[PDB]
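The chain below stands alone, shown as structure tokens; this is the form deposited without the named molecule.
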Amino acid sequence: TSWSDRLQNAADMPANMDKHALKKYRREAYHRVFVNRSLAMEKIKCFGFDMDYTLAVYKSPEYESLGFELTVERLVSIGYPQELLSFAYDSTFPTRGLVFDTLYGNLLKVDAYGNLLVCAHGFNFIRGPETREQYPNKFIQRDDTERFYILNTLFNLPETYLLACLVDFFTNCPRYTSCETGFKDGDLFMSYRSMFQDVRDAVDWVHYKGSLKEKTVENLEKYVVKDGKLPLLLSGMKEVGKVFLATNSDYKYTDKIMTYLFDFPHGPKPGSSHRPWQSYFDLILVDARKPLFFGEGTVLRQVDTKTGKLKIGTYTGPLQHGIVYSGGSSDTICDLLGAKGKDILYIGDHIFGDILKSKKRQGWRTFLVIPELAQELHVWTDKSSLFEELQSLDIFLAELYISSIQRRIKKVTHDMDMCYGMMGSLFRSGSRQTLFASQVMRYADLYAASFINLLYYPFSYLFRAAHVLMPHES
């Protein structure tokens, strides 16, 4: 039961819009919207969406495995060894948000301050004192982008695993000699950095030049979650505000995916005429190039929706019905919809490109979709005795001012973390929060396993979070 299995199970349920049913339903963690800062829904005049992993949630592990297979196949085509073909995607290894260290070839899980929580070299999990040799302060400077790459998108899950597979393969393959910064194959030296760059290039190639999109669209039921409540929620939003799409994908792919997402024998509710996907949006913008979108953006272009090609020239005209935009900037949205930033709720899955940047650059209100949360929540609840023991142990140890029973803290930490996978929870390792967790709290005003959870609150709902006080104020 993957996170997408949870989501698709919830998706198959029809909406009971009886108000008592709704209030009961959202009380359950799985159908809940979680709140980091208060948000009066009544003040939202525009609801904006990302597509991939927001409206179109790709099924797991099938989609990751396809991405993996095609990336491997690309590496082999450019000359990586044939043994790569015997790799197979393993959903139990990667957790999202890990940092690849290109100097030493390690996957690192870090807290918000760059402190090392976990360090794996290939599939070898490096214990504390062993990590000191390479990380003397058990710390990385994560903004060193020449050295560190943060794998924080769901598209990065296959490469997260593939990096580890590669390091493991080269390390254990007798043709190569392991060195601190890469591998020696006679008169060739493959640095972890060049290896990392080849992988990044292959993932990009698969998405943009290869067969990933083709293979996705020829079996959308296998690869894409579908939910008849989507048009219900979007039609409700359109009654109280304006609705827009701003996606990095191109028009042709967007059209295939969105058409599938709305392909039911009905419109918003059962019994109603089907309406085309485009009719749910006051503004549709493709090729958005987020996060550049939230600064200067790119020139505004118009899509010829018949050919799927761009019309030649910059589009200088007004918002009209049936127009599809390409490129532009977040100011295009504000200007054409007559909105200020705080009137906008933008809904997406990219913690950096969607949520952090829209908040910091423009003051948009933010809703972060976290697909894995559908399953992380089940683990959090099922294993809460483990976390509470860890809390009591931390309390007890601190009150003590028999301390070598803090190896008990290491053991419980490991057991808890393993319930989530080899790289633990998205949100923490034991009692320590990840960078990702901290970013979620700081930049996502609201978050949930799916944006569909908004359906269970009225549009006048006031989402509340407690005020923060400084220690000297408390």
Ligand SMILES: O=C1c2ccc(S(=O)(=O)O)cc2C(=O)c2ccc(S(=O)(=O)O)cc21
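All residue numbers refer to positions in the sequence shown, first residue = 1.
There is another form of the same protein, the form solved in complex with the named molecule; it is not shown, and what comes next is about it.
- In the bound PDB entry, the named molecule lies within 4.5 Å of some heavy atom of residue 439.
- A residue is said to contact a partner when one of its heavy atoms sits within 4.5 Å of a partner heavy atom; residue 237 fails this definition for the named molecule in the bound PDB entry, lying far away.
- Contact check for residue 291: a non-hydrogen atom falls within 4.5 Å of the named molecule in the bound PDB entry.
- Within 4.5 Å of some heavy atom of the named molecule in the bound PDB entry lies at least one heavy atom of residue 150.
- The partner is not drawn, yet in the bound PDB entry one stretch among 312-320, 186-194, 376-384, 350-358 has residues with heavy atoms inside 4.5 Å of the named molecule: 350-358.
- Between the named molecule and the residues 121, 74, 142, 96, the one pair within 4.5 Å by heavy atoms in the bound PDB entry involves 142.
- The single contact residue among 446, 435, 46, 416, judged by any heavy atom lying within 4.5 Å of the named molecule in the bound PDB entry, is 435.
- Counting a residue when any of its non-hydrogen atoms is within 4.5 Å of the named molecule in the bound PDB entry, there are no hits in 11-42.
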